[PDB]
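Each remark here refers to the structure printed beneath this line.
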Protein chains: 2
Amino acid sequence: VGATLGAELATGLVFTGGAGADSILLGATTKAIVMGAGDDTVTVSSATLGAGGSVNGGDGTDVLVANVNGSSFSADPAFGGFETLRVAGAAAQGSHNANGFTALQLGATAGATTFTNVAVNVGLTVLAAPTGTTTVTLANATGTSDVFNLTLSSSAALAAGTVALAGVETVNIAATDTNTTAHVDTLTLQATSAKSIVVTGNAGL
Amino acid sequence: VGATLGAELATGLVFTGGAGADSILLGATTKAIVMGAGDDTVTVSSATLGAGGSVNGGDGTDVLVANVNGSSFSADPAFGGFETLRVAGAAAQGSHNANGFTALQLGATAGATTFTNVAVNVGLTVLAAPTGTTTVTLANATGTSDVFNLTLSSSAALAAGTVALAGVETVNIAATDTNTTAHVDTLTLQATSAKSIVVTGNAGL
Ligand SMILES: [Ca+2]
Ligand SMILES: [Ca+2]
Ligand SMILES: [Ca+2]
Ligand SMILES: [Ca+2]
Ligand SMILES: [Ca+2]
Ligand SMILES: [Ca+2]
Ligand SMILES: [Ca+2]
Ligand SMILES: [Ca+2]
Ligand SMILES: [Ca+2]
Ligand SMILES: [Ca+2]
Ligand SMILES: [Ca+2]
Ligand SMILES: [Ca+2]
Ligand SMILES: [Ca+2]
Ligand SMILES: [Ca+2]
């Protein structure tokens, strides 16, 4: 099933995952971290690693969590095998390069956070109340049939805050409740060229 | 065989290559440039494109020439299908992200130029005298069996200048003459952990 360690590993410390959702916190690591198969999750406290100093998500859909002031994980060959970029943590903030990720997530944050170079058919899922305006800017917004999939996904009432979607024509919102007891989510949308808004889900908005 | 256009295209202007080595100069392009098959070459005058605003090298081994103050082409999804990164031009200079390229080239430059995040088995070929110290820093220099392949390749005597290869243990230099008439190349190497230097080729060093 996997193992999760809530404490940030030593910069000197090697970690090896297996099948199943393993989950750790890394700092400026000096060692070659492997995550194995299954849907894994590494949270980084610093954007670039050290010495050398790598982390491979391995097979499966793996989440990389940026607890940092900006990221560009696609550029760094130190990170590989990740599919989802989540911006969440007490230091999580600022401009984040979405390039090369197939999904996006957002949690509690230190301040306003921006996703750049977001490819087509890439959706954002918000999982907890962030701080400050969340801007999404697509790889190419210029067309007139631009579709974005926003998801809100929580057990309790979620105050998603402001998300800005400049140049998107159809905005799809899923409001998702993870438990059996009903709630109502809240969102400021700023989508000045949206012609359609479609809401799906099983919670209020 | 291909076509080559030495003038920089209009930012509004669409270009389509075929098979064979086509070759152009781009600025902050607004359009979707395709290069087709064969070994193509785009020179860019500005690091990020515009509007949107893309250039795909297509099939084959294609060169991207950075006539700019720094690059990170791997990060930008606007560029794709390139295999070789060359730093050459009257504005070419500064820090350049080698990530995702399988070969490197260097020509005449505006000033000191640095290749970062250079993967293993990636070699540099210098084609003309650059300006200022050329630093190569590898993706991972930390091991004790590090091999780098430097090539010097010119018709006439080539003053390669200073190249710095911190953390490389075996430095291989090819000194290559492209014509039948003999010459002697010059190089300052700064390789403070090299145990071996091997020189091959058909010109003097
Ligand atoms: Ca695993
Ligand atoms: Ca995995
Ligand atoms: Ca994977
Ligand atoms: Ca990556
Ligand atoms: Ca609920
Ligand atoms: Ca649009
Ligand atoms: Ca819009
Ligand atoms: Ca071509
Ligand atoms: Ca090509
Ligand atoms: Ca590329
Ligand atoms: Ca190609
Ligand atoms: Ca000669
Ligand atoms: Ca070394
Ligand atoms: Ca050395």
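Ordering of the structure tokens sets the chain letters (A, B, ...); residue numbers start at 1 within each chain; ligands are numbered from 1 in the order shown.
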
* **Close residues, range 117-132 of chain A itself excluded, 9 Å, only C-alpha atoms, min 4 positions apart in chain, as a PyMOL selection string** => (chain A and resi 86+88+93+96-113+136-140+146-154+158-162+174) or (chain B and resi 75-78)

* Selection within 6 Å of ligand 10 by only C-alpha atoms and all ligand atoms, output as a count of residues only -> 6

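You will find CA of residue 6 in chain A at 21.8 Å from CA of residue 71 in chain A.
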
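You will find CA of residue 91 in chain B at 5.3 Å from CA of residue 68 in chain B.
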
Please check which protein, DNA or RNA residues sit within 7 Å of ligand 7, counting only C-alpha atoms and all ligand atoms, and write them as a compact mmCIF listing (two decimals) with C-alpha atoms, in the first residue's frame.
```txt
# COMPACT_ATOMS: atom_id res chain seq x y z
CA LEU A 165 -8.27 32.18 -16.18
CA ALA A 166 -7.42 34.85 -18.82
CA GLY A 167 -8.18 33.70 -22.43
CA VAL A 168 -10.33 30.61 -21.64
CA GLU A 169 -13.73 30.37 -23.42
CA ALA A 191 -12.46 34.62 -16.63
CA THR A 192 -13.04 37.69 -18.79
CA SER A 193 -13.38 35.79 -22.11
CA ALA A 194 -15.41 32.85 -20.97
```

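Taking CA of residue 62 in chain A and CA of residue 201 in chain A as the two end points, the separation is 24.6 Å.
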
* **Exercise answer, 12 Å around ligand 8 with only C-alpha atoms and all ligand atoms, as a PyMOL selection string** => chain B and resi 1-4+15-24+33-42+56-63+81

Go ahead and save the residues from that selection, with C-alpha atoms, as a short mmCIF file (atom, residue, chain, number, x, y, z; two decimals), in the first residue's frame.
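Below is the file selection08.cif, written as the result:
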```
data_model
loop_
_atom_site.label_atom_id
_atom_site.label_comp_id
_atom_site.auth_asym_id
_atom_site.auth_seq_id
_atom_site.Cartn_x
_atom_site.Cartn_y
_atom_site.Cartn_z
CA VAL B 1 18.59 19.28 -50.04
CA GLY B 2 17.02 22.24 -48.30
CA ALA B 3 16.94 26.02 -48.24
CA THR B 4 18.74 28.49 -46.10
CA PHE B 15 7.70 29.20 -42.44
CA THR B 16 7.39 25.56 -43.44
CA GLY B 17 10.41 23.27 -44.12
CA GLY B 18 10.44 19.95 -46.05
CA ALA B 19 12.90 17.02 -45.93
CA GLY B 20 16.53 18.22 -46.00
CA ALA B 21 18.56 20.74 -44.04
CA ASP B 22 16.47 23.90 -44.03
CA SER B 23 17.88 26.92 -42.06
CA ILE B 24 16.40 30.26 -40.80
CA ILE B 33 7.07 27.43 -37.43
CA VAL B 34 7.62 23.86 -38.61
CA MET B 35 10.91 22.58 -39.91
CA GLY B 36 9.99 19.18 -41.38
CA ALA B 37 12.40 16.21 -41.67
CA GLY B 38 16.22 16.33 -42.13
CA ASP B 39 18.91 18.16 -40.21
CA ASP B 40 17.50 21.66 -39.77
CA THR B 41 18.80 24.86 -38.05
CA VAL B 42 16.95 27.74 -36.35
CA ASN B 56 9.22 22.61 -33.89
CA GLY B 57 12.45 21.17 -35.32
CA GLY B 58 10.50 18.08 -36.68
CA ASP B 59 12.24 14.75 -37.38
CA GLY B 60 16.05 14.33 -37.54
CA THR B 61 18.93 15.91 -35.68
CA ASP B 62 18.17 19.62 -35.57
CA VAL B 63 20.29 22.47 -34.24
CA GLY B 81 12.15 18.51 -31.65
#
```

* To do: Check which residues fall inside 6 Å of ligand 5 when counting only C-alpha atoms and all ligand atoms, and print them as a PyMOL selection string.
  => chain A and resi 155-156+177+179+181-183

Since we have the selection now, will you write its residues out, keeping C-alpha atoms, as a compact mmCIF listing (two decimals), in the first residue's frame?
```
# COMPACT_ATOMS: atom_id res chain seq x y z
CA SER A 155 -14.38 16.59 2.52
CA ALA A 156 -15.50 19.95 4.07
CA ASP A 177 -17.36 16.39 -1.86
CA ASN A 179 -17.58 12.40 2.18
CA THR A 181 -22.34 14.73 4.37
CA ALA A 182 -23.33 17.72 2.11
CA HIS A 183 -21.41 21.11 1.78
```

* When DSSP works through the backbone of this structure, what residues of range 99-138 of chain A end up as strand (DSSP E), shown as a PyMOL selection string? -> chain A and resi 103-106+113-118+124-126+134-138

Next, the residues of the selection above should be written as a PDB file, in the first residue's frame with N, CA, C and O atoms.
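As a result, result_39.pdb now contains:
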```pdb
ATOM      1  N   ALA A 103      -1.195  17.130 -15.022  1.00  0.00           N
ATOM      2  CA  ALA A 103      -2.238  17.622 -14.093  1.00  0.00           C
ATOM      3  C   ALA A 103      -1.688  18.634 -13.090  1.00  0.00           C
ATOM      4  O   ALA A 103      -0.479  18.668 -12.847  1.00  0.00           O
ATOM      5  N   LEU A 104      -2.566  19.433 -12.495  1.00  0.00           N
ATOM      6  CA  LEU A 104      -2.156  20.403 -11.475  1.00  0.00           C
ATOM      7  C   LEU A 104      -2.981  20.339 -10.197  1.00  0.00           C
ATOM      8  O   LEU A 104      -4.216  20.116 -10.250  1.00  0.00           O
ATOM      9  N   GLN A 105      -2.309  20.544  -9.053  1.00  0.00           N
ATOM     10  CA  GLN A 105      -2.996  20.630  -7.754  1.00  0.00           C
ATOM     11  C   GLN A 105      -2.590  21.836  -6.926  1.00  0.00           C
ATOM     12  O   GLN A 105      -1.509  22.394  -7.100  1.00  0.00           O
ATOM     13  N   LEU A 106      -3.481  22.242  -6.028  1.00  0.00           N
ATOM     14  CA  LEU A 106      -3.237  23.379  -5.158  1.00  0.00           C
ATOM     15  C   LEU A 106      -3.779  23.132  -3.739  1.00  0.00           C
ATOM     16  O   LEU A 106      -4.890  22.606  -3.574  1.00  0.00           O
ATOM     17  N   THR A 113      -0.078  32.467  -5.908  1.00  0.00           N
ATOM     18  CA  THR A 113       0.661  31.501  -6.709  1.00  0.00           C
ATOM     19  C   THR A 113       0.184  31.469  -8.173  1.00  0.00           C
ATOM     20  O   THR A 113      -1.012  31.560  -8.424  1.00  0.00           O
ATOM     21  N   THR A 114       1.120  31.370  -9.123  1.00  0.00           N
ATOM     22  CA  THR A 114       0.843  31.450 -10.578  1.00  0.00           C
ATOM     23  C   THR A 114       1.364  30.252 -11.371  1.00  0.00           C
ATOM     24  O   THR A 114       2.530  29.926 -11.283  1.00  0.00           O
ATOM     25  N   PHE A 115       0.514  29.600 -12.148  1.00  0.00           N
ATOM     26  CA  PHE A 115       0.950  28.485 -13.005  1.00  0.00           C
ATOM     27  C   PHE A 115       1.149  28.976 -14.423  1.00  0.00           C
ATOM     28  O   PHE A 115       0.177  29.382 -15.065  1.00  0.00           O
ATOM     29  N   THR A 116       2.386  28.909 -14.923  1.00  0.00           N
ATOM     30  CA  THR A 116       2.743  29.347 -16.302  1.00  0.00           C
ATOM     31  C   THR A 116       2.906  28.141 -17.231  1.00  0.00           C
ATOM     32  O   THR A 116       3.137  27.035 -16.759  1.00  0.00           O
ATOM     33  N   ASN A 117       2.812  28.364 -18.538  1.00  0.00           N
ATOM     34  CA  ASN A 117       3.117  27.335 -19.561  1.00  0.00           C
ATOM     35  C   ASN A 117       2.265  26.054 -19.432  1.00  0.00           C
ATOM     36  O   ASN A 117       2.697  24.960 -19.782  1.00  0.00           O
ATOM     37  N   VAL A 118       1.022  26.267 -18.988  1.00  0.00           N
ATOM     38  CA  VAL A 118       0.043  25.206 -18.792  1.00  0.00           C
ATOM     39  C   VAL A 118      -0.452  24.685 -20.145  1.00  0.00           C
ATOM     40  O   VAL A 118      -1.087  25.423 -20.904  1.00  0.00           O
ATOM     41  N   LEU A 124      -6.664  21.977 -13.185  1.00  0.00           N
ATOM     42  CA  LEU A 124      -6.266  22.255 -11.831  1.00  0.00           C
ATOM     43  C   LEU A 124      -7.289  21.648 -10.892  1.00  0.00           C
ATOM     44  O   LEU A 124      -8.488  21.808 -11.124  1.00  0.00           O
ATOM     45  N   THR A 125      -6.820  20.934  -9.854  1.00  0.00           N
ATOM     46  CA  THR A 125      -7.666  20.543  -8.698  1.00  0.00           C
ATOM     47  C   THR A 125      -7.225  21.317  -7.443  1.00  0.00           C
ATOM     48  O   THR A 125      -6.068  21.222  -7.024  1.00  0.00           O
ATOM     49  N   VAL A 126      -8.138  22.077  -6.848  1.00  0.00           N
ATOM     50  CA  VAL A 126      -7.828  22.765  -5.599  1.00  0.00           C
ATOM     51  C   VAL A 126      -8.300  21.847  -4.469  1.00  0.00           C
ATOM     52  O   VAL A 126      -9.458  21.369  -4.513  1.00  0.00           O
ATOM     53  N   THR A 134      -4.862  32.930  -7.330  1.00  0.00           N
ATOM     54  CA  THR A 134      -4.260  31.880  -8.101  1.00  0.00           C
ATOM     55  C   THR A 134      -4.444  32.165  -9.584  1.00  0.00           C
ATOM     56  O   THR A 134      -5.552  32.082 -10.092  1.00  0.00           O
ATOM     57  N   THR A 135      -3.369  32.514 -10.285  1.00  0.00           N
ATOM     58  CA  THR A 135      -3.446  32.762 -11.730  1.00  0.00           C
ATOM     59  C   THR A 135      -3.027  31.537 -12.525  1.00  0.00           C
ATOM     60  O   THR A 135      -1.991  30.953 -12.275  1.00  0.00           O
ATOM     61  N   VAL A 136      -3.862  31.131 -13.463  1.00  0.00           N
ATOM     62  CA  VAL A 136      -3.475  30.149 -14.467  1.00  0.00           C
ATOM     63  C   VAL A 136      -3.279  30.924 -15.771  1.00  0.00           C
ATOM     64  O   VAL A 136      -4.161  31.690 -16.181  1.00  0.00           O
ATOM     65  N   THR A 137      -2.106  30.764 -16.397  1.00  0.00           N
ATOM     66  CA  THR A 137      -1.896  31.227 -17.785  1.00  0.00           C
ATOM     67  C   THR A 137      -1.432  30.083 -18.666  1.00  0.00           C
ATOM     68  O   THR A 137      -0.436  29.441 -18.386  1.00  0.00           O
ATOM     69  N   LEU A 138      -2.228  29.813 -19.692  1.00  0.00           N
ATOM     70  CA  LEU A 138      -2.014  28.670 -20.575  1.00  0.00           C
ATOM     71  C   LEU A 138      -0.813  28.859 -21.472  1.00  0.00           C
ATOM     72  O   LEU A 138      -0.334  29.994 -21.677  1.00  0.00           O
TER      73      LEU A 138
END
```

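Residue neighbourhood of range 43-49 of chain A, excluding near-sequence residues (fewer than 6 positions): residues 24, 25, 26, 27, 28, 29, 64, 65, 66, 67, 68 and 71 of chain A, at 7 Å, using only C-alpha atoms.
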
Quick one: write out the picked residues with N, CA, C and O atoms as a PDB file, in the first residue's frame?
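The result, stored in again_32.pdb:
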```
ATOM      1  N   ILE A  24       7.089  11.203   0.942  1.00  0.00           N
ATOM      2  CA  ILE A  24       8.166  11.821   1.768  1.00  0.00           C
ATOM      3  C   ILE A  24       8.309  13.339   1.636  1.00  0.00           C
ATOM      4  O   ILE A  24       7.659  13.948   0.817  1.00  0.00           O
ATOM      5  N   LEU A  25       9.159  13.931   2.461  1.00  0.00           N
ATOM      6  CA  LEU A  25       9.594  15.309   2.281  1.00  0.00           C
ATOM      7  C   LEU A  25      11.114  15.342   2.123  1.00  0.00           C
ATOM      8  O   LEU A  25      11.835  14.675   2.891  1.00  0.00           O
ATOM      9  N   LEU A  26      11.574  16.107   1.118  1.00  0.00           N
ATOM     10  CA  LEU A  26      12.990  16.265   0.788  1.00  0.00           C
ATOM     11  C   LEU A  26      13.404  17.700   0.929  1.00  0.00           C
ATOM     12  O   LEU A  26      12.600  18.618   0.755  1.00  0.00           O
ATOM     13  N   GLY A  27      14.668  17.883   1.264  1.00  0.00           N
ATOM     14  CA  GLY A  27      15.294  19.193   1.207  1.00  0.00           C
ATOM     15  C   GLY A  27      16.336  19.107   0.128  1.00  0.00           C
ATOM     16  O   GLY A  27      16.158  18.353  -0.863  1.00  0.00           O
ATOM     17  N   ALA A  28      17.433  19.848   0.324  1.00  0.00           N
ATOM     18  CA  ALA A  28      18.514  19.928  -0.674  1.00  0.00           C
ATOM     19  C   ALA A  28      19.318  18.613  -0.706  1.00  0.00           C
ATOM     20  O   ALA A  28      20.483  18.561  -0.305  1.00  0.00           O
ATOM     21  N   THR A  29      18.668  17.562  -1.205  1.00  0.00           N
ATOM     22  CA  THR A  29      19.230  16.221  -1.152  1.00  0.00           C
ATOM     23  C   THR A  29      20.499  16.030  -1.997  1.00  0.00           C
ATOM     24  O   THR A  29      20.695  16.682  -3.037  1.00  0.00           O
ATOM     25  N   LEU A  64       4.453  15.807  -7.541  1.00  0.00           N
ATOM     26  CA  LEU A  64       5.569  16.581  -6.969  1.00  0.00           C
ATOM     27  C   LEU A  64       5.026  17.850  -6.303  1.00  0.00           C
ATOM     28  O   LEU A  64       4.308  18.643  -6.927  1.00  0.00           O
ATOM     29  N   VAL A  65       5.341  18.027  -5.028  1.00  0.00           N
ATOM     30  CA  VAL A  65       4.740  19.123  -4.265  1.00  0.00           C
ATOM     31  C   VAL A  65       5.777  20.208  -4.036  1.00  0.00           C
ATOM     32  O   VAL A  65       6.812  19.966  -3.433  1.00  0.00           O
ATOM     33  N   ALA A  66       5.494  21.405  -4.519  1.00  0.00           N
ATOM     34  CA  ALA A  66       6.466  22.480  -4.432  1.00  0.00           C
ATOM     35  C   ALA A  66       6.258  23.383  -3.229  1.00  0.00           C
ATOM     36  O   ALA A  66       5.456  24.313  -3.286  1.00  0.00           O
ATOM     37  N   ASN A  67       6.973  23.138  -2.143  1.00  0.00           N
ATOM     38  CA  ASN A  67       6.829  24.029  -0.995  1.00  0.00           C
ATOM     39  C   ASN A  67       7.847  25.172  -1.062  1.00  0.00           C
ATOM     40  O   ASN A  67       8.679  25.331  -0.160  1.00  0.00           O
ATOM     41  N   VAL A  68       7.757  25.965  -2.136  1.00  0.00           N
ATOM     42  CA  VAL A  68       8.830  26.895  -2.552  1.00  0.00           C
ATOM     43  C   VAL A  68       8.315  28.187  -3.188  1.00  0.00           C
ATOM     44  O   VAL A  68       7.132  28.300  -3.463  1.00  0.00           O
ATOM     45  N   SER A  71       9.025  27.451  -9.115  1.00  0.00           N
ATOM     46  CA  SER A  71       9.647  26.216  -9.619  1.00  0.00           C
ATOM     47  C   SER A  71       9.847  26.194 -11.129  1.00  0.00           C
ATOM     48  O   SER A  71       9.134  26.865 -11.863  1.00  0.00           O
TER      49      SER A  71
END
```

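Of the listed residues A:9, A:32, A:157, A:51, the one whose atoms come nearest to residue 203 in chain A is A:157, with distances taken using only C-alpha atoms.
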